[PDB]
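For reference, the structure is listed below as C-alpha cells.
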Number of protein chains: 2
Amino acid sequence: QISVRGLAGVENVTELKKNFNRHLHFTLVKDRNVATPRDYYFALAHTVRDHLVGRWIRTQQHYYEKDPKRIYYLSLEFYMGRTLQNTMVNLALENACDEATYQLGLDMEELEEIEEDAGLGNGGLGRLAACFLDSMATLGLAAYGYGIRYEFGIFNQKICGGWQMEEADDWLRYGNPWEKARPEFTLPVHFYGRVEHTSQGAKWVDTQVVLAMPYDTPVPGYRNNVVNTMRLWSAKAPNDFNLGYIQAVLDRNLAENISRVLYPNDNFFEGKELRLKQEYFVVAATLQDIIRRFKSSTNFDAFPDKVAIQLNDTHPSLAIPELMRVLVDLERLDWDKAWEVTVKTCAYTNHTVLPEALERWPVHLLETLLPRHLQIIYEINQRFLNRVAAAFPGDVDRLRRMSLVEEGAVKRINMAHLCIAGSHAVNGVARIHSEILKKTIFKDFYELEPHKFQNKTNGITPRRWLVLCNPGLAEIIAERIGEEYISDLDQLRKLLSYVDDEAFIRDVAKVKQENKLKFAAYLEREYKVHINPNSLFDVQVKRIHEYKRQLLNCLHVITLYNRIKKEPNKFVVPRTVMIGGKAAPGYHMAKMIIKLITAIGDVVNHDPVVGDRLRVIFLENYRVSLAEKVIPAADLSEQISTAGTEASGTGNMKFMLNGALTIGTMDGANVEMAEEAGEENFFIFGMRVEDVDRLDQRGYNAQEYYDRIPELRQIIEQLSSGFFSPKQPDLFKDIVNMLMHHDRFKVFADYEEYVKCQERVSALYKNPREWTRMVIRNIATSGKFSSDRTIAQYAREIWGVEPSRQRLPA
Amino acid sequence: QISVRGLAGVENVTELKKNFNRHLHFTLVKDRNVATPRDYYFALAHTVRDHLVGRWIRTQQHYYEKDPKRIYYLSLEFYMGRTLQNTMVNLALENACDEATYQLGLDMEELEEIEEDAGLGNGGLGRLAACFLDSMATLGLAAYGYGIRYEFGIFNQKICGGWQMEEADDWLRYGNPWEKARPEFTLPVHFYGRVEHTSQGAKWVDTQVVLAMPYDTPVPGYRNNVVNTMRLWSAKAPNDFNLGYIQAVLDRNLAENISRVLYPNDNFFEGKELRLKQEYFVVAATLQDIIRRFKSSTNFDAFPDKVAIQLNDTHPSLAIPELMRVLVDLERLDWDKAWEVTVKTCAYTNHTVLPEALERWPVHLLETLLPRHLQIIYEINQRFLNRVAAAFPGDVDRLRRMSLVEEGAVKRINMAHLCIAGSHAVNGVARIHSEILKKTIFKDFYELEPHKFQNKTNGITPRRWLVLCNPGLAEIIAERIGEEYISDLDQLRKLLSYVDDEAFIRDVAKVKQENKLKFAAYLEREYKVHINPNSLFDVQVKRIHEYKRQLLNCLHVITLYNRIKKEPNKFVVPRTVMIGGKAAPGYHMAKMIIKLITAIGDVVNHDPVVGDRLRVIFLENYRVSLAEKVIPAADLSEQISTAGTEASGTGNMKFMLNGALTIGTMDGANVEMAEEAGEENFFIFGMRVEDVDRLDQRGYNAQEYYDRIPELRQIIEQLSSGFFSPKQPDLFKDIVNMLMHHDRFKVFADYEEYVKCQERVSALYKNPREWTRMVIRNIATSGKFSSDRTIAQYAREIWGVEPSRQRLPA
Ligand SMILES: OC[C@H]1O[C@@H](NC(=S)N/N=C/c2cccc(O)c2)[C@H](O)[C@@H](O)[C@@H]1O
Ligand SMILES: OC[C@H]1O[C@@H](NC(=S)N/N=C/c2cccc(O)c2)[C@H](O)[C@@H](O)[C@@H]1O
Ligand SMILES: OC[C@H]1O[C@@H](NC(=S)N/N=C\c2cccc(O)c2)[C@H](O)[C@@H](O)[C@@H]1O
Ligand SMILES: OC[C@H]1O[C@@H](NC(=S)N/N=C\c2cccc(O)c2)[C@H](O)[C@@H](O)[C@@H]1O
C-alpha cells in the first residue's frame, strides 16, 4: 500500500505464501483448523528468518576472506525490542509479507503483537547498544555485539492500587526463533582459586569452572545485504559439577544463575557478587572468542590493527586486566608490550556523572573471586601513579585523587579510573557531557593525557525510530524528497523548502492526527481508558528517577488543575498528560513518584468540573514496543532533567524525529538539538549548568521558593494535608520532606520558568498552522541525531576504519 | 544393500539429498566448509522428522473423528534410547537415507552415534514402557504415553580406579529435534494449602501453583502410517512466583526442580518429598488433559467406555484419589458413582515383590503436601475395610493386614493396597510372578476379589530388538520366511524346519561371528581393550543388585581362573566374560560389587599363564544404545537371579531373539522361555522357588557350604586375604561378611549347580554345529515374547479394545 514498505511482486507473494504454509505444517505441526494465533506468528517469523540465511553466511565468509579490522562492542545490555518488523523493513519485505498474509486471511499487525520484546536492557544505555548494532551493519562494518543472554530481562510492570508491582519477564518461554545456538564455541570461564608463582611467572590455579555457551542473533543492515552477529553468552555447569547425588544435580543451578537475570538498576551501583560474576563472565568468554578469531587469520603487535574493543560504560572494564592476564600469563609477552597492545585496543564510553552510579568494587570481593586480576590491577595502578608523579612532582593530593585504589572504611577499586588508564580514547555522549568530564570529574586525567578525551554525541536509528514506527510520516517525506534519507538522514534538511508548502503542512498535521487516533484506540482496547484525541498529547516517558524530574511535571499538572478549579469557565487548551516508565525495585522514592502520578490521576480524571480538558494517565510497562506506539502520537516531548545530570538522553531525539515539539532544559543533547533547530523552534526554560553551580555555592534553600510563590505553597499544602490521599493523609510525607529539605535536583528552582514556558506551549498549540510549521523545522534538522552519524565518527576517530554504504551481492 | 532396510528408489534418494541440504543451510545455518559432524546429524534428523508430520497430524485427526476408547499409559519412566534409526526403520526409510548420505560423502552409522540416548528410565520398568509404546502404535491403538520430561536422565557412569563415578546426563544440552513444545496446553498443578468445608462440599484452598508445560514426541508404528504421542510434562514457575527482587527470580528454581532429575533407584523406595511432588505433578497434569479430551467429545457414566488408565507400578497411584477429587469436589458427583467410574477406569501393573521397593508414604508428608488427597485416601480405606469386615466377619488380623494405612513408629500409606482397591485389574508381568502375587504378598486381596487378578507376561519389541540392532540376522531370516514376522513374531516357528538346513546353520553362525567382530572392534576403538573374538562371549548386563547375583558370576570367574592356575597346560574353552550395569548412587554393596569385578579383571587379564583363555571386562555406562551393540554379539546370556526375585526380566528375551543361549534359574520369564524352547535347549540350574522356601524354613547357613566345598573355601580365603587387592588387604571384608552371615539371596546355595551347568555350556560350545542348532531352536520359539503379543492381551483382557494391523492412508 505505501511505497517505503517495498515492492509486493507476484513471484514474491506466491513464494512467501508457500513457505508460510510449509512452516506451519512441517515446523509447527499444525493445519489451519487447530492453528493458534501464536502458531501463525511463528510461521511468519520462520518464513522471514529464512531470508536472512544466505546473506548471514556470505557476510561472515566475506570477513573471513577479506580480514578487515573487527569491532567488538561489549555491553551488559542490549535493549533490542521486537525483531520481526525490523527484519522485514531492512530486507524490503514488509509490503510482500503484508500482501501474502492478507491473502491467507491474516492481519500481519495482529501477528506482530504476539512477539515478546527482547528486553535485555534498562533504558538509554541498552537501547544505544541496539541502535549502534543497526548502524554498524548499515555502514558495512565488521562489527560484533557481545553480551549475556539473560533468561529474564527487565521485569514486566503492573500497576496495582496505584503501586508498581514487578513480574518476571520469561521472554524465552515459547522459544526464540531469532537465535541460533553455537555449541561448538562453548568456552570455560574461571572463578575463585588462588595465584601460584613459578619460575615461569604467575599461574591461576584451583579455580571453579563455568561454561559459556554462545547464541547468535542476526543483525541485518538496511538493504545492503549485510548481516552481522550479536553473540550472547549463556552460563552452563560442567557435567562433573559437584560430582548426595540428587542435591549435586540440583546445585547446578548455582553456576547457571550467572545468566539468569538482568540487574534492573538504571544509573545506580549495587556492589553484589552475582553482578561482578556477570561482568567477568561476559569479558572472559568474549576475549577468548576474539583471540581465537585473531589467530585464525604469534605476533601480537598486529593485534590492535585487527581488533577494537569498545567498553559500554565500566560494566565490562575487566576486559583490561583480563587482556593483560592472557597476554602476560598465557602468551608470555613482557608487561610493557602487553600494556601497549591493551591501550591501543580498548576504548571507553562514559554514560553518567552521578556519583552513586560509578562502579567502585570492594577489594575483598575481587580478592576472593578474581585474585589474579586484583594483582594485575595493583600493578597497573603503581605504574600509572609513577607517571603522574613524574608529570606533577610533589602533587601528593593528585596522586590520591587519581589512584585506581580508593582508601577508606573498605578499600575499593574505581573502575572508571581503570578504564581511562587502560584505554586510548575516552568519550562522553553529548558535547556538554564531554566538557563536564574534562572540567570536573576526570579533570586530573584530562590534564595528564588530553589527547584521550573525545566527544561522540548519541544518535538513534532512523530505521526503527521512523520507518518502522511511523510509516505515514516516512511516506509523506519520501513523496517529496525520495527514499535516500533513510540511510542519509542529513537529507531531511531538504524539507526546509517545504515549510511554506500548504500541501505538506496539511499532510504533516494529518499524519500526527492519525497516529493520535490510533494510540487513543490502543488505550481503550487494551486498558479501557477514555481520552480526547483533540487534546495536546503531553508525554514524559523514560525510567523514573529523581534527576529526570517527573516530579516537576507533577507540579505543573497540579497547577493546571488548581487554575481550572479557580476559574472553571475560562478557556484552556485541553491536554492529555501521559507519564510512563519503570522504577528500580529497590528505589523507594521512585516508587512513591509513580504512586503520586496515579493519585493525581484519580482526582483529576474524575472531577466533573474539569471534564475532558485535563487527563492524567500513567503508561504501564513502558518498553521498546510501547515507545514505538506512543512516540509517533506525541505533540510535546518533556525533557526536563536538572541541567548537568542527563548525559545525553536519546528519547529526546526519537520525539524530535516524529513530529513532537520539545520542552526542555539546556541539558545533554537538548543543547545540540536546540542548536540544530534554532532556539526559536524549541521551548527552553530553566537554570543552565552555570546557574546550578551558582546556587550550590550559595546553598539551595527550597523554603525561599515556597515562601515567595503562592501557587507552589498551595500544592505543597494539598500534598501534605491529604488532598490527593484522603484515607491515608500522610502518604506523601516523604515526598514533601525531600522537596523541602533534601532535594539534590532543585525542583522548586525551575518551577516558575517551567510553568511560564508551558503557557507559551499552549499558546502556540492554539494556532495549528504555526505549530505544524515549527514541527517541520524540527524534523528537517533532526539529521545530526542519526546513529549512522554517531557510528561513522566512532569508526573514523576511535576505531580507525572507514564506513561503506556499498551493497554486498545477493 | 539389505532387503529388510527398505527400497532406495531414485526419486526418494534425490528428495532426501535436497531436503538434507536445505536443512543444513536454512535450519543449521552452515555450508559444507564449516559444518561439524553434529551439524550433519541434525540435518539428517530434521530430514527424517519431516516425514513424520503428515502421518502424525492425520493419526490424531482420525482419533478426533472416530472417537475410539483412549488408552493412557502413566509412567515415571520411559527409557527410549535413540530415535533416529528407529524412526527410519518404522518408516521404511533406512536404505534410502543410507544411499542419500553416502552420495553426499557421509557415513550414516557415524552420524547415528552422535544422538544422545533419551535415558529417562532406570532399567526394565522404563524400557518396558518404551517397547509398549512401539507395540501400541504398531497395533493401531489410540494410545498416549504420559510422563515427565526430566532435564537430567539416568547418570552417565564413568569407572575411575575401578570405582563407579556419576556424571550428570545433560541430554538436552544441544536441543532435542524429536520433541514439540505445546504451550497452549500448559496447565496448573496445586501443592500444599488446606481443606475448607462449605455447605457445598470440600474446597482445597491457599495452594502453591506450579505450571505443567507439555512436550510431544512422536511414536511411529511399524509401516502402518500410525504416529501416536508421548506427552512429557516440564515444570515451570508462574510469573508472579515469589513476587528482594533478584532473589525472588532466582528462587523460581525451587518450583522448576520438580522436573529436573530422574531418581536413579531401581527396585528401592526412597521416601523423599521431591519424589512425591514428581508423582503428583505427572498425575495432576495428565488427568486434566484426559478430562479435557473427554469433554471435547457432563455424563461421566461413559467415562470408562472412552478412557483406560494404566498405572506402571504404584508410582502414579495418586491418579486414583486425584480422579476421585476431581469427580467429587469439582464435578459434584456422589461418592459411590465417582468410585464406580474410578475403578472401571484404572488398572495396575506390579513389577516387584521385594519389600524394600514397595512404596509406603509417611502420612505426615501427604498431610502437608496433599491434604485433600489424604482425606480421600482415609475415606477409601474406611469403605474398603467395611467390605472386608462383611466378607470375613471377626477376622481382625485380616483387617489390619489389608488396611491402606499402616500403623507403627510413623503411620504410612501402602500405595500397592490403594492401587488394588481402586483398580478393576491387577497384573503381574510373568506367570510365576502373578502366581506369587496371589499366593503370598496380595493373598488377602485375591481372596476378597479373585476376578481382579491377571497375568500379562512381558515382551520386547522386535523392531528395536531385532531389525534395528541386528539387521544381519533379520535378513537371513527374511530370506527364508519373508518379512511378515517383524509384526507377527510367532511366524519365527517356521524356522524349526531349517534346524537341519546346512546353509541356514552356516548363515546363523556367520552373522554371530560378524557381530562379535564388530563388537570386538568397538571395544578397541572406544576403550583400547583387546579381546579374542573366537572366545565364547559370556555376558551379564542389567542394573547391579544383590538379587541379580552378579556375585555368583564373580565366583564362577574366580573358579575358572583357579582351575587354570592349578592345571595351566590343560585345554579349556576360551571365554570373554562381560559384566555391565549401573549401581544406584547410594547403594554401597552394589558399588563394592563393581569394584570386585574390576579387581578380578586386574588380576586375570594380566596373568601370563592365563593368556587369552580368560578375559574379564566391565562394560562401562550400560544403557539402551550399548545394549543394541552387545546383545547381538553375545553367545551366553546370564539370567541367574535367586528363584522368586526377578518378576520377569526382559533382557533375557532380547538375548533369546538375537542368538545367544541362556544359563538361568527358573525365575520370572525364564520359566516361560524354557517352556517355549524346551528345557533341553536351555541351561537351567539351581533352586526352584519351592527349594528356596524349604531353605528359609530351616534357616540358611552359608557356613555349611563353605565347609563342604573346597573350591568355594579357596575363593573366600583369597577374597579375605587380599589376593584381589594387595595394597588394601581388607577392601572386600564387607562382601565376605555379607556372603557368610547375612546373604538374603543364597549365593552359596546355587554355586555347585551353577559351576556344573557352566561346564555343560563349555562342552556344547566345543561342537559349533550343535551349539548353532540349539540357537536356532531358541530363535524359532522366541515369538511369544514380542510386546505385540503382550499388548494385544492388555487390549483384549484389560482395556476392552481390539487391536488392528490395518494401514492408515499415506
Ligand atoms: O526454534 C526455536 C529454537 O531455534 C533454534 N534455531 C535454529 S535450530 N535455527 N535457527 C536458524 C536461524 C536462521 C536464520 C536466522 C535466525 O535468526 C535463526 C535455536 O538454536 C534455539 O535456541 C531456539 O530455541
Ligand atoms: O529444534 C530444537 C527444538 O525443536 C522444537 N521443535 C519444533 S519448532 N518443531 N518440531 C517439529 C517436529 C515435527 C515432526 C516430528 C517431531 O518430532 C518434531 C521443540 O519445540 C524444542 O523444544 C526443541 O528445542
Ligand atoms: O548514552 C546512553 C544513555 O545512557 C544513560 N545511562 C544509563 S541508562 N546507565 N548508566 C549507567 C549505569 C547503569 C547501570 C549500573 C550503573 O552502575 C551505571 C544516560 O543516563 C543517558 O543520558 C544516555 O542518553
Ligand atoms: O516388568 C518390567 C521389569 O520391571 C522391573 N522393576 C523395576 S526396574 N523397578 N521396579 C520397581 C521400583 C522402581 C523404582 C522405585 C521403586 O520403589 C520401585 C523388574 O525388576 C523386572 O523383573 C521386570 O522385567
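Throughout, protein chains are lettered first and strands after them, A, B, ... in sequence-line order, and every chain is numbered starting at 1. Basis for what follows: all heavy atoms, side chains included, without hydrogens, waters or symmetry-related copies.
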Presence of salt bridge, A:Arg777 and A:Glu676, under 4.0 angstrom: no
Side-chain touch A:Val557/A:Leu560, heavy atoms, less than 4.5 angstrom: no
Polar side-chain atom of A:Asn652 near backbone of A:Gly649 as donor-acceptor pair, under 3.5 Å: yes
Other residues, nucleotides, ligands: >12 heavy atoms within 6.0 Å of A:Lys518 NZ: no
Check ion pair A:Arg5-A:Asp98 (N to O, under 4.0 angstrom): yes
Verdict with supporting geometry, A:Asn350 and A:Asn427, side chain to side chain donor-acceptor pair (under 3.5 Å): CA-CA 6 Å; A:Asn350 175 274; A:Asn427 74 282; over 6 Å; no
Donor-acceptor contact present, side-chain A:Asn658 to main-chain A:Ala634, <3.5 Å: no
Close side-chain approach of A:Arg223 to A:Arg807, heavy-atom, < 4.5 Å: no
Enclosure of A:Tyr102 OH (heavy-atom neighbours >12, cutoff 6.0 Å): no
Residues A:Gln454 and A:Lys456: side-chain donor-acceptor under 3.5 angstrom: yes
A:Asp788 with A:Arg463: basic N within carboxylate O range, under 4.0 Å: yes
Side-chain touch A:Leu619/A:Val541, heavy atoms, less than 4.5 angstrom: yes
Aromatic contact, A:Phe132 with A:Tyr794 (centres under 6.0 Å): yes
A:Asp667 side chain to A:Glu646 backbone, donor-acceptor under 3.5 Å: yes
Any side-chain heavy-atom pair of A:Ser625 and A:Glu115 under 4.5 Å: no
A:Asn605 (side chain) donor-acceptor with A:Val616 (main chain) under 3.5 angstrom: yes
Under 3.5 Å side-chain donor-acceptor pair for A:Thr650 and A:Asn458: no
A:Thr665 versus A:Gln639, side-chain donor and acceptor atoms under 3.5 Å: no
A:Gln806 atom CD: more than 12 heavy-atom contacts under 6.0 Å: no
Main-chain N/O of A:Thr461 paired with A:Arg464 side-chain donor or acceptor, under 3.5 Å: no
Minimal non-hydrogen separation, A:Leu139 against A:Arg805, with atom names: CD2-CG, 4.5 Å
Salt-bridge contact A:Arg82-A:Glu113 (side-chain N to carboxylate O under 4.0 Å): yes
Worked verdict on A:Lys542 versus A:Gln550 for side-chain contact (heavy atoms from CB on, under 4.5 Å): CA-CA 9 Å; A:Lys542 49 190 65 249; A:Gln550 284 89 1; 3.5 Å; yes
Whether A:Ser434 side chain and A:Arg431 backbone form a donor-acceptor pair below 3.5 Å: no
A:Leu695, CG atom: more than 12 neighbouring heavy atoms under 6.0 Å: yes
Mutual orientation of the aromatic rings belonging to A:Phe745 and A:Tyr547 [parallel < 30°, tilted 30-60°, perpendicular > 60°]: tilted
Under 3.5 Å side-chain donor-acceptor pair for A:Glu628 and A:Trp465: no
A:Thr87: side chain to side chain donor-acceptor pair (under 3.5 Å) partners, not counting sequence neighbours: none
pair A:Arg563-A:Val755: side-chain heavy atoms closer than 4.5 Å: yes
Donor-acceptor contact present, side-chain A:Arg773 to main-chain A:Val499, <3.5 Å: yes
Sub-4.5 Å side-chain heavy-atom contact between A:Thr83 and A:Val48: no
Donor-acceptor pair between A:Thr576 and A:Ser535 side chains, under 3.5 angstrom: yes
Note: A:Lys756-A:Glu753 ion pair, threshold 4.0 Å (strictly below): no
Residue pair A:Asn621 / A:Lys582, side-chain donor-acceptor N/O under 3.5 Å: yes
Charged N-O contact under 4.0 Å between A:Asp750 and A:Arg549: yes
Min side-chain heavy-atom separation A:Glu479-A:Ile2 under 4.5 Å: no
From CA spacing to verdict: side chain to side chain donor-acceptor pair (under 3.5 Å), A:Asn312, A:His351: CA-CA 8 Å; A:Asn312 200 20; A:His351 298 266; 2.6 Å; yes
Any side-chain donor near an acceptor of the partner, A:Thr559 and A:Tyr751, under 3.5 Å: yes
A:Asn455-A:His433 side chain donor-acceptor pair, cut-off 3.5 Å: no
Distance-only donor-acceptor check, side chains A:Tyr754 and A:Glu759, under 3.5 Å: no
Pair A:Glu77-A:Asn122, side-chain donor/acceptor within less than 3.5 Å: yes
Any side-chain donor near an acceptor of the partner, A:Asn681 and A:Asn778, under 3.5 Å: no
Carboxylate-amine/guanidinium proximity below 4.0 Å for A:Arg688 and A:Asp691: no
Polar side chain donor-acceptor pair, A:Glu638 to A:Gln758, under 3.5 angstrom: yes
Single hit among A:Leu133, A:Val624, A:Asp117, A:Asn86 for side-chain contact (heavy atoms from CB on, under 4.5 Å) with A:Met80: A:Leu133
Quiz item: cation-pi between A:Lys516 and A:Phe537, 6.0 Å / 45°: yes
Derivation of the side-chain contact (heavy atoms from CB on, under 4.5 Å) call for A:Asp612 and A:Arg615: CA-CA 7 Å; A:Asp612 65 359; A:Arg615 288 273 183 269; 4.2 Å; yes
Greater than 12 external heavy atoms within 6.0 Å of A:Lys510's NZ: yes
Heavy-atom side-chain proximity of A:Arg575 to A:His556 below 4.5 angstrom: yes
